[PDB]
Every structure is written in C-alpha cells, then in structure tokens.
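entry_38.pdb, holding PDB, C-alpha atoms and all ligand atoms:
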```
ATOM      1  CA  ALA A  11       3.547 -10.365  13.775
ATOM      2  CA  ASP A  12       2.085  -8.302  10.892
ATOM      3  CA  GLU A  13       4.974  -9.026   8.512
ATOM      4  CA  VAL A  14       4.275 -11.611   5.796
ATOM      5  CA  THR A  15       6.671 -13.647   3.672
ATOM      6  CA  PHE A  16       5.729 -14.763   0.168
ATOM      7  CA  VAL A  17       7.529 -17.895  -1.036
ATOM      8  CA  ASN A  18       7.582 -18.866  -4.750
ATOM      9  CA  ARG A  19       9.012 -22.060  -6.152
ATOM     10  CA  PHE A  20       9.755 -21.674  -9.870
ATOM     11  CA  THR A  21      10.277 -24.343 -12.498
ATOM     12  CA  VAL A  22      12.027 -22.508 -15.338
ATOM     13  CA  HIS A  23      10.909 -23.647 -18.797
ATOM     14  CA  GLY A  24      12.859 -21.098 -20.885
ATOM     15  CA  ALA A  25      16.456 -19.874 -20.632
ATOM     16  CA  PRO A  26      17.574 -19.399 -16.983
ATOM     17  CA  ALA A  27      19.599 -16.268 -17.910
ATOM     18  CA  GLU A  28      16.461 -14.698 -19.415
ATOM     19  CA  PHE A  29      14.489 -15.763 -16.326
ATOM     20  CA  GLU A  30      17.009 -14.037 -14.042
ATOM     21  CA  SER A  31      16.972 -10.846 -16.142
ATOM     22  CA  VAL A  32      13.163 -10.765 -16.075
ATOM     23  CA  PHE A  33      13.189 -11.439 -12.342
ATOM     24  CA  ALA A  34      15.592  -8.544 -11.667
ATOM     25  CA  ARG A  35      13.142  -6.096 -13.292
ATOM     26  CA  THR A  36      10.231  -7.745 -11.439
ATOM     27  CA  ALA A  37      12.050  -7.280  -8.113
ATOM     28  CA  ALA A  38      12.858  -3.628  -8.912
ATOM     29  CA  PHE A  39       9.164  -3.080  -9.609
ATOM     30  CA  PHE A  40       8.199  -4.567  -6.236
ATOM     31  CA  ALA A  41      10.970  -2.596  -4.504
ATOM     32  CA  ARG A  42       9.184   0.613  -5.620
ATOM     33  CA  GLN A  43       6.022  -0.409  -3.721
ATOM     34  CA  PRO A  44       5.144   0.756  -0.196
ATOM     35  CA  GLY A  45       5.533  -2.082   2.298
ATOM     36  CA  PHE A  46       8.352  -3.848   0.434
ATOM     37  CA  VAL A  47      10.936  -5.080   2.943
ATOM     38  CA  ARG A  48      13.399  -7.390   1.142
ATOM     39  CA  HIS A  49      13.746 -10.275  -1.294
ATOM     40  CA  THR A  50      16.163 -13.064  -2.173
ATOM     41  CA  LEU A  51      16.141 -15.116  -5.361
ATOM     42  CA  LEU A  52      17.676 -18.540  -4.735
ATOM     43  CA  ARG A  53      18.842 -21.083  -7.333
ATOM     44  CA  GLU A  54      18.993 -24.786  -6.467
ATOM     45  CA  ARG A  55      22.594 -26.061  -6.451
ATOM     46  CA  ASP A  56      23.210 -28.623  -9.211
ATOM     47  CA  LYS A  57      19.899 -27.785 -10.833
ATOM     48  CA  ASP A  58      19.663 -25.328 -13.650
ATOM     49  CA  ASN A  59      15.993 -24.454 -13.714
ATOM     50  CA  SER A  60      14.894 -24.597 -10.077
ATOM     51  CA  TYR A  61      14.475 -21.287  -8.240
ATOM     52  CA  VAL A  62      12.876 -20.103  -5.008
ATOM     53  CA  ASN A  63      12.070 -16.481  -4.236
ATOM     54  CA  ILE A  64      11.540 -15.197  -0.713
ATOM     55  CA  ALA A  65       9.825 -11.793  -0.456
ATOM     56  CA  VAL A  66       9.056  -9.959   2.790
ATOM     57  CA  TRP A  67       6.235  -7.401   3.132
ATOM     58  CA  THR A  68       5.265  -5.157   6.080
ATOM     59  CA  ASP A  69       1.737  -6.626   6.056
ATOM     60  CA  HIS A  70      -0.778  -8.643   4.014
ATOM     61  CA  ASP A  71      -2.510  -5.522   2.609
ATOM     62  CA  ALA A  72       0.755  -4.133   1.187
ATOM     63  CA  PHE A  73       1.521  -7.480  -0.467
ATOM     64  CA  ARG A  74      -1.947  -7.717  -2.060
ATOM     65  CA  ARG A  75      -1.751  -4.078  -3.158
ATOM     66  CA  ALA A  76       1.552  -4.778  -4.941
ATOM     67  CA  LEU A  77       0.125  -7.763  -6.865
ATOM     68  CA  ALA A  78      -2.864  -5.656  -7.891
ATOM     69  CA  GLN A  79      -0.660  -2.907  -9.373
ATOM     70  CA  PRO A  80      -1.197  -2.365 -13.126
ATOM     71  CA  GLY A  81       2.594  -2.044 -13.424
ATOM     72  CA  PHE A  82       3.028  -5.681 -12.363
ATOM     73  CA  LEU A  83       1.428  -7.065 -15.555
ATOM     74  CA  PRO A  84       4.438  -7.047 -17.945
ATOM     75  CA  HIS A  85       6.584  -8.665 -15.220
ATOM     76  CA  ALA A  86       3.939 -11.288 -14.395
ATOM     77  CA  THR A  87       3.517 -11.965 -18.133
ATOM     78  CA  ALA A  88       7.281 -12.254 -18.758
ATOM     79  CA  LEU A  89       7.677 -14.597 -15.766
ATOM     80  CA  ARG A  90       4.803 -16.833 -16.892
ATOM     81  CA  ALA A  91       6.226 -16.955 -20.437
ATOM     82  CA  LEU A  92       9.405 -18.467 -18.964
ATOM     83  CA  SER A  93       8.275 -20.462 -15.923
ATOM     84  CA  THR A  94       5.545 -21.923 -13.735
ATOM     85  CA  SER A  95       5.256 -21.251  -9.989
ATOM     86  CA  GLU A  96       3.864 -22.780  -6.786
ATOM     87  CA  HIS A  97       3.597 -20.226  -4.007
ATOM     88  CA  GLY A  98       2.208 -19.377  -0.570
ATOM     89  CA  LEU A  99       2.052 -16.580   1.990
ATOM     90  CA  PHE A 100       3.600 -17.167   5.418
ATOM     91  CA  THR A 101       4.086 -15.641   8.855
ATOM     92  CA  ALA A 102       7.204 -16.067  10.988
ATOM     93  CA  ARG A 103       7.034 -18.451  13.961
ATOM     94  CA  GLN A 104      10.702 -18.866  14.992
ATOM     95  CA  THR A 105      14.045 -17.176  14.184
ATOM     96  CA  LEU A 106      17.642 -17.740  15.283
ATOM     97  CA  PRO A 107      19.733 -15.889  16.331
ATOM     98  CA  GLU A 108      17.090 -14.541  18.696
TER      99      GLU A 108
ATOM    100  CA  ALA B  11      28.795 -16.072  -2.581
ATOM    101  CA  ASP B  12      29.975 -19.093  -0.538
ATOM    102  CA  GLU B  13      26.789 -19.041   1.589
ATOM    103  CA  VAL B  14      24.254 -21.809   1.041
ATOM    104  CA  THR B  15      20.552 -21.682   1.882
ATOM    105  CA  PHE B  16      18.625 -24.811   2.881
ATOM    106  CA  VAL B  17      14.878 -24.656   2.218
ATOM    107  CA  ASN B  18      12.537 -27.214   3.752
ATOM    108  CA  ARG B  19       8.775 -27.463   3.096
ATOM    109  CA  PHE B  20       7.004 -29.354   5.905
ATOM    110  CA  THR B  21       3.612 -31.016   5.850
ATOM    111  CA  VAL B  22       2.726 -31.622   9.501
ATOM    112  CA  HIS B  23       0.712 -34.751  10.295
ATOM    113  CA  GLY B  24       1.005 -34.574  14.108
ATOM    114  CA  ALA B  25      -0.035 -31.729  16.433
ATOM    115  CA  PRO B  26       1.354 -28.377  15.211
ATOM    116  CA  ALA B  27       2.238 -27.369  18.802
ATOM    117  CA  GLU B  28       4.324 -30.543  19.204
ATOM    118  CA  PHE B  29       5.911 -30.018  15.773
ATOM    119  CA  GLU B  30       6.974 -26.469  16.714
ATOM    120  CA  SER B  31       8.393 -27.695  20.039
ATOM    121  CA  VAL B  32      10.377 -30.539  18.426
ATOM    122  CA  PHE B  33      11.489 -28.227  15.606
ATOM    123  CA  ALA B  34      12.774 -25.661  18.121
ATOM    124  CA  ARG B  35      15.036 -28.318  19.679
ATOM    125  CA  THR B  36      16.318 -29.416  16.253
ATOM    126  CA  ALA B  37      16.957 -25.774  15.289
ATOM    127  CA  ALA B  38      18.876 -25.256  18.551
ATOM    128  CA  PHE B  39      20.977 -28.327  17.684
ATOM    129  CA  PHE B  40      21.920 -26.824  14.310
ATOM    130  CA  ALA B  41      22.390 -23.330  15.757
ATOM    131  CA  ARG B  42      25.311 -24.683  17.853
ATOM    132  CA  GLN B  43      27.119 -26.025  14.784
ATOM    133  CA  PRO B  44      30.049 -24.142  13.225
ATOM    134  CA  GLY B  45      29.001 -22.107  10.197
ATOM    135  CA  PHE B  46      25.340 -21.666  11.170
ATOM    136  CA  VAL B  47      24.211 -18.158  10.183
ATOM    137  CA  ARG B  48      20.440 -17.874  10.729
ATOM    138  CA  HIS B  49      17.090 -19.586  10.194
ATOM    139  CA  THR B  50      13.419 -18.646  10.043
ATOM    140  CA  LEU B  51      10.545 -21.094  10.523
ATOM    141  CA  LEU B  52       7.477 -19.881   8.614
ATOM    142  CA  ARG B  53       3.843 -21.053   8.929
ATOM    143  CA  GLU B  54       1.488 -20.733   5.938
ATOM    144  CA  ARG B  55      -1.311 -18.180   6.599
ATOM    145  CA  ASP B  56      -4.793 -19.692   7.157
ATOM    146  CA  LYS B  57      -3.320 -23.226   7.336
ATOM    147  CA  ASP B  58      -2.472 -25.359  10.370
ATOM    148  CA  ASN B  59      -0.263 -28.010   8.754
ATOM    149  CA  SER B  60       2.046 -26.149   6.345
ATOM    150  CA  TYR B  61       5.493 -24.770   7.251
ATOM    151  CA  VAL B  62       8.681 -23.664   5.480
ATOM    152  CA  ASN B  63      12.128 -23.382   7.047
ATOM    153  CA  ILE B  64      14.875 -21.224   5.570
ATOM    154  CA  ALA B  65      18.376 -21.767   6.973
ATOM    155  CA  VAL B  66      21.632 -20.047   5.988
ATOM    156  CA  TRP B  67      25.104 -21.591   6.330
ATOM    157  CA  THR B  68      28.519 -19.961   5.753
ATOM    158  CA  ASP B  69      29.414 -22.589   3.144
ATOM    159  CA  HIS B  70      28.469 -26.011   1.812
ATOM    160  CA  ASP B  71      31.104 -27.829   3.890
ATOM    161  CA  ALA B  72      29.726 -26.416   7.173
ATOM    162  CA  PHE B  73      26.193 -27.521   6.208
ATOM    163  CA  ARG B  74      27.461 -31.018   5.297
ATOM    164  CA  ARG B  75      29.429 -31.376   8.548
ATOM    165  CA  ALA B  76      26.362 -30.384  10.597
ATOM    166  CA  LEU B  77      24.088 -32.837   8.752
ATOM    167  CA  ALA B  78      26.633 -35.591   9.423
ATOM    168  CA  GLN B  79      26.722 -35.117  13.233
ATOM    169  CA  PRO B  80      25.619 -38.306  15.044
ATOM    170  CA  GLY B  81      23.372 -36.124  17.225
ATOM    171  CA  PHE B  82      21.293 -35.180  14.181
ATOM    172  CA  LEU B  83      19.957 -38.723  13.698
ATOM    173  CA  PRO B  84      17.638 -38.872  16.754
ATOM    174  CA  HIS B  85      16.538 -35.251  16.096
ATOM    175  CA  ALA B  86      15.606 -36.234  12.526
ATOM    176  CA  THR B  87      13.727 -39.266  13.886
ATOM    177  CA  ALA B  88      11.667 -37.059  16.233
ATOM    178  CA  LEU B  89      10.858 -34.414  13.601
ATOM    179  CA  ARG B  90       9.945 -36.926  10.886
ATOM    180  CA  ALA B  91       7.491 -38.593  13.308
ATOM    181  CA  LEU B  92       5.437 -35.387  13.096
ATOM    182  CA  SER B  93       6.012 -34.267   9.518
ATOM    183  CA  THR B  94       6.974 -35.115   5.969
ATOM    184  CA  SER B  95       9.211 -32.738   4.016
ATOM    185  CA  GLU B  96      10.569 -31.672   0.636
ATOM    186  CA  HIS B  97      13.873 -29.803   0.708
ATOM    187  CA  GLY B  98      16.705 -28.396  -1.394
ATOM    188  CA  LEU B  99      20.014 -26.559  -1.092
ATOM    189  CA  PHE B 100      20.339 -23.180  -2.814
ATOM    190  CA  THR B 101      22.704 -20.316  -3.612
ATOM    191  CA  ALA B 102      21.626 -16.673  -3.559
ATOM    192  CA  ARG B 103      21.419 -15.026  -6.993
ATOM    193  CA  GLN B 104      19.741 -11.686  -6.228
ATOM    194  CA  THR B 105      18.930  -9.704  -3.070
ATOM    195  CA  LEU B 106      17.266  -6.326  -2.472
ATOM    196  CA  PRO B 107      18.128  -4.029  -0.817
ATOM    197  CA  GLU B 108      21.777  -4.167  -1.970
TER     198      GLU B 108
HETATM  199 CL    CL C 201      -2.474 -13.106 -19.852
HETATM  200 CL    CL C 202      26.551 -34.460  18.005
END
```
Translate this structure into structure tokens?
Amino acid sequence: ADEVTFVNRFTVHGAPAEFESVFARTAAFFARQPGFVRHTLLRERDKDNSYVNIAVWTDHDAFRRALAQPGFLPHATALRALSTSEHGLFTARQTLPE
Amino acid sequence: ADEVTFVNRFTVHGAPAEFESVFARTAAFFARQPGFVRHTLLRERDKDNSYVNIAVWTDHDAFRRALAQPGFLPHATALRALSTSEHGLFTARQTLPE
C-alpha cells in the first residue's frame, strides 16, 4: 500500500552507451538511499534511444528524500545532458502471480 | 536475457472501477498463456485516469503467441472501450539488487 513506483520514459539524445554508463552510477547512488527497493532499466526492442526505468521505493517520503539529496545533482545533470524524460509516481493496484 | 517486458500506458476514459475489472479479466487471460512470468498494474498517484502495466514474458515468441490467441480479440475490444494506450516491448539492461 505504502510502496511507490517511479516510472521514467527516456528519449536519449546523446550516445546510448554513455547514457547507460551514466544511468548505472545514478542507480548506484539511489541504491545507497534508505527506502530504495529495486530498479530495472529497460531498452525498447528495435529502438536505440528509447528507455524506461522502473524504480520501487518503500514510501513516497523516501522517494522525495532521495531526489532532494545533494549527491543526486551530478547524476541528474549527466542524465539531462544526454536525454529528456517524462515520468510519474504510481501505486500498485494488481499483481500476478498473486 | 531472453525475457521481454511489455509496458503499456493507459489513459482511462470510462469508469476506473470498470477499467480495473475488465483489466483483471484480460490479465487473467494472459496469465494462463505459456511463458507468462508476472505483471503489475500501476495507478498514477493523485490521478484517477492514468495507469501503467508492466508484464514480463519468458521470451519474445511466447509474448507473440499469446497476443495472437483468438481469445485476445474480444478482451482487447472490451479494454479499448474504456481506455486508450501507448505501449512498447523492452529488454532489461540493468537491475538492482543483483
Ligand atoms: Cl542545471
Ligand atoms: Cl484463446
């Protein structure tokens, strides 16, 4: 119930290999934060520059705290230098297997 | 690896309760298909009409075979009566924890 899922859709403008390298360090940063549960970076099949990240947090407060960390800035900056994003925060309604 | 992840973004134009009920039946239909791994239906926080579904399949062929089932067609008809959607098929690039 409390758990939140942040979903980002990226359009990569720069080199996808550089994007992935930057994202790996971004994810490691977030993995150091209290409340981090898991993440998966997905790449669209047959597209080169289309990515979706799914990140799970114990609660909304922990997610907001992570974004507000001073340590996030270089990662946020490096990501924005390479891509644009459309994103939203979600709660789970249904899961299978149950 | 071989796993594929299908991501759907729904904009619901009917009643959300009816959408969730019809979606549950469609999800059950896919859950019976060979190669189905898991799915999660997510609802955007502070919104009534925005959902994202994430579904994992063992491989691309299993996903294709499921989509091609004649039984899918009336399910699709019912779900699309209540919602529009934008979707894509993805491969996992990074996951934490490892
Ligand atoms: Cl800046
Ligand atoms: Cl069938």
If I take atom CA of residue 68 of chain B and atom CA of residue 14 of chain B, how far is one from the other in Å, to one decimal?
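Interatomic distance, atom CA of residue 68 of chain B to atom CA of residue 14 of chain B: 6.6 Å.
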Just checking: using all atoms listed in the file, which residue out of B:66, B:80, B:34, B:42 ends up closest to ligand CL 202 (chain C)?
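Smallest separation from ligand CL 202 (chain C) among the options: B:80.
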For chain A, report every residue with an atom at most 9 Å from chain B (counting only C-alpha atoms), formatted as a ChimeraX atom specification.
/A:14-15,17,30,33-34,37-38,41,47-56,61-62,98-107
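Coordinates place atom CA of residue 81 of chain B at a distance of 23.4 Å from atom CA of residue 26 of chain B.
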Have a look at atom CA of residue 69 of chain A and atom CA of residue 19 of chain A and let me know their distance in Å, one decimal.
21.0 Å
For residue 45 of chain B, the nearest of the candidates B:91, B:82, B:97, B:71, counting all atoms listed in the file
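Using all atoms listed in the file, the shortest distance to residue 45 of chain B belongs to B:71.
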If chain B is superposed onto chain A by least squares over all C-alpha atoms in order, the resulting RMSD is 0.5 Å
To check your reading of the model: which residues sit at most 10 Å from ligand CL 201 (chain C) when counting all atoms listed in the file? Write the answer as an MDAnalysis selection string.
chainID A and resid 83:84 86:88 90:91
Residue IDs satisfying the PyMOL selection byres (((chain B and resi 92) around 8) and not hetatm), as a VMD selection string
chain B and resid 22 to 25 28 to 29 88 to 91 93 to 94
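Residue nearest ligand CL 202 (chain C), chosen from B:13, B:70, B:43, B:95 and counting only C-alpha atoms and all ligand atoms: B:43.
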